[PDB]
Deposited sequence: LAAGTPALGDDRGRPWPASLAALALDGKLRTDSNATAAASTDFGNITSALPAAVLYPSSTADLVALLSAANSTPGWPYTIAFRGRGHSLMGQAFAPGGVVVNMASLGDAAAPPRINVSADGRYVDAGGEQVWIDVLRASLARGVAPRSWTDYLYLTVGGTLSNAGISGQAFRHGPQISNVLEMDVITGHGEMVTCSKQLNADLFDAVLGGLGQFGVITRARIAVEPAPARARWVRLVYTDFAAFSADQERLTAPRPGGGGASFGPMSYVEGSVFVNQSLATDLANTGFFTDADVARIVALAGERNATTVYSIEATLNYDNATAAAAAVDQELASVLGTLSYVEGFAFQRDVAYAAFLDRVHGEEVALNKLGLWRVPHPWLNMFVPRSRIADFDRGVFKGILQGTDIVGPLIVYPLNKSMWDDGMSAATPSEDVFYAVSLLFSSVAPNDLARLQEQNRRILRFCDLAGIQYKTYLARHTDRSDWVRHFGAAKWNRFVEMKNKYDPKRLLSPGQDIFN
């Protein structure tokens, strides 16, 4: 038997079983794994989500796992529901009204539906002169999706990840109950869901912190051939003072074998800049080149320009990049934030965007980053042609709430390391997959206490080590409380 509300969804054509629907929700950005669901839900309101979850919660023996598809940027099927039901979250925002993004009257925050993509949260905020403080490198991701992970970019060192910039949320648990939570209300759910990997319920609304919107961003890249100087400078720029003046700080690694090509593909350096950097590497006999990427946000004041120059000159004076290797660009704030969109459009036309992405994302404690550099950037990765950015930058643990579900190293400073490999060449995917296991194996043998991010483990003992035994027990407790049937986001392979 079907509950009245569940059957109603079928009549209205919200529950689709046709191969067209199920196929679209069977693949993700990773383009490595795939799994067909039994059906796809195209909800028009949060009421439809309650109906589905209430049904599953009340129906004994309910055999349908449920996942919430934001924009499917998952890499290894985290948004699939094998033989289950996939919720097409975007459907919540098709109705021209009411709005799914509402900037508060006082301009202190912005309410956004869990299905909304950050690029739109940004446009709706800028219209009101404000903007979120913490981002992801790419804006075409959903609010609920990044919040289910962490959401990190070059601003996290001073504002923490996106999960540290949420005032409250509306969540529908695995029991089908609508609950509003925050640090002062149903905190248990609030903490569990943030970085919760969609295991406790679906986020329908998230209240995101905002700050006055800067007009422009002075964007710079500094070049190094010495990793010690590179990492020391990133740490200096992101160290607590209160923080330095930089609004964003990330870094990049360029292996020698594909140096000229990777520098050109940054979309930042001119061919003249590239030639100078390639010559520098040859002079130093470097097998790797490093670049710090940073910005300084500022407004359209009359003195702003001159002030930014002074501020930058001052900051750069405290650094140790190679003399004369500082490169600047000045752009509108929104242009900087949406910089990766340009990369997608480009690569997609060449058929180089929708290809396998055996990405490796991890947090490495500061005390072992130099060892990681030697073993990976100067070791394992040498002798290969790399297409895709190799991003590395420090984060401050003080901005992360360990009470939340996100797991991080124990050190005060740890690095986000994102090796965004693209299997652009033919079946070059097997090589890349084996290479990532080799990197992980190298870290295990060297005793590096890293934490994987954006990855799902197919073995229980691995998830326990990921969270940590005590934190794991907590995760399980919260699981037996909000989704005892183990139906939500089975693609994480945690309880499924």
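According to the record, the deposited residues with no C-alpha atom in the structure span 1-14, 256-261.
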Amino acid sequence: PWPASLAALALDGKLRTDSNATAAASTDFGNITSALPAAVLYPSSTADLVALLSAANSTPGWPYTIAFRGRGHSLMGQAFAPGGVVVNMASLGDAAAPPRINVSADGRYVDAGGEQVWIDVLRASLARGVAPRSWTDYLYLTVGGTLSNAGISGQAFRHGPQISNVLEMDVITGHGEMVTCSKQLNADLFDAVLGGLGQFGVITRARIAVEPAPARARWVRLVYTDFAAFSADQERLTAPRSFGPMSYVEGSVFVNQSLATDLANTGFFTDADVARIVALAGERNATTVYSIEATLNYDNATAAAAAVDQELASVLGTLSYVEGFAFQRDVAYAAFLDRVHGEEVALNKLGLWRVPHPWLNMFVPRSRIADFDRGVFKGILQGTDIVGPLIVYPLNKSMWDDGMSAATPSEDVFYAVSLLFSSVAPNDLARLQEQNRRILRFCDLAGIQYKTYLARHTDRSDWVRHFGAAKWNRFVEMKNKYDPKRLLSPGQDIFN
From here on, numbers count along this sequence of modelled residues.
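When the mean C-alpha temperature factors of 300-308 and 142-150 are read from the deposited coordinates, 300-308 comes out higher. Between 57-65 and 444-452, it is 57-65 that carries the larger average Cα temperature factor according to the deposited entry. Ranking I439, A469, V50, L429 by the C-alpha B-factor listed in the PDB entry places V50 at the top.
Remark: of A215, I391, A239, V179, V179 shows the highest value [criterion: C-alpha B-factor in the PDB entry]. Ranked by C-alpha B-factor against the other modelled residues of its chain, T458 falls in the highest third. Placement of the Cα temperature factor of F363 within the chain: lowest third of the modelled residues, per the deposited record. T46: CA B factor lies in the highest third for its chain, per the PDB record. Ranked by C-alpha B-factor against the other modelled residues of its chain, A96 falls in the highest third. Annotation for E343: CA B-factor lies in the highest third of the chain's modelled residues.
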